[PDB]
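Shown here is one chain on its own, the form deposited in one PDB entry, set out as structure tokens.
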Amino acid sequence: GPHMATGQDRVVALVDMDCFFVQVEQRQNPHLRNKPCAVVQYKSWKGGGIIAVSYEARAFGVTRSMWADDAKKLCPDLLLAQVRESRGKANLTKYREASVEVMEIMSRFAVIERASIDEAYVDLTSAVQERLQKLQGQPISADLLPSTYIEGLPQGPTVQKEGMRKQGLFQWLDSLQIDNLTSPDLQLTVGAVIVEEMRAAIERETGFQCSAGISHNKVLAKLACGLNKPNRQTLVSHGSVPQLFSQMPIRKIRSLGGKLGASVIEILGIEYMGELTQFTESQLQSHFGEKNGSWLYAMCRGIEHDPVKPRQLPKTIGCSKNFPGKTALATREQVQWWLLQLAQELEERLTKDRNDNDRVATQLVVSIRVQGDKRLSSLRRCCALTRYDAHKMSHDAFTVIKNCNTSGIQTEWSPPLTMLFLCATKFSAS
């Protein structure tokens, strides 16, 4: 009544760099700009695997994970940029460096959590408060929100996309409850102003565009982000949640896209997020466990407490390569040679990381996949990482996995390996 928490304490955004690897290649090669374009890894097998897709190409049905040969059938004029290949493996250094460029700009505006190479969560709570002070009581002009959509508006008693956007924004701002510096809706609005400014700076200083969502927590921010793309941002208010969730498939909510989300759908006989509200917290815990049940109970009401962690650097640095089909590794000599290739890239990236970020990794995780095993990893083993030395890391990696070899003759390697993965972890400040 006067006491239930409504999950409106924070202002949180999620920024997704639009088809990021494509933009990186389009910046470098202007001939690819404003065209149907994709980024592909490798080339011999069916033209290579597509890993990023321009919005012009998406309109022809081209998607990630598609074979480039198949993408060309959907989009004959598709332009392709190829991921750099180093030591016979994909090398993502150009995109990591671009990601760092963006993160350093974002950091000037608010607290950033690196979510992936192309996504960051943003905690705007303190930046909003400070901006509310500077603003004084001056009202928020629509000119400060030139790319913002207000989810759920316009509503109530013009057929162009941009006209609908401005209608909803005018309706939101007209209503906007500004006498109170503690209105959650006002705080979200100021957060959206800051994100416009942040996105403007990113585009001016790198050429890169992005989409964003602004709401009260990470899950709603991420959901908001996907509602209006590309190069747009969406504000999802607490009040918009009942209507938004009433037709929102459960699998669209972060962390419910897999087996848990499935189980929610099958056990409860529901399909939309909003249908979760009819269950008590105990009943959800009974089906899905105490933590998951409490989380679903809060989440279906728009409430989620996962903090934006102040960390722009990845916690682990890893290198992996799959060896599919007939390329699976079947000799001891192959296994050793590719462990060295992986270890040499890893030494390079670790040395750059130590100079850039004043830290050293202390543990080496070795993971492999054996042919026939659908799992990401068939086995993981760890050993100490004391020298940034490719030959020692690769030798040590072989040592900890060599006993997995089933074959009688140790010149051969059985069962064949379909993946090798080296990951450096357990960093210490250096």
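For clarity, a rigid core is taken as the largest C-alpha set superposing within 1.5 Å between two forms. The first residue of the sequence shown is number 1, and the count goes up from there.
Only in words, not in the display: the form deposited in another entry, which the text now covers.
Considering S116, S175, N180, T277, one residue stands apart with a C-alpha shift of at least 2 Å between the shown form and the other one following superposition on the core, and it is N180. Panel note: the distance between the CA atoms of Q177 and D174 is smaller in the other form than in this form, the difference being 3 Å or more.
Relative to the shown form, the Cα atoms of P242 and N180 move together by 3 Å or more in the other form.
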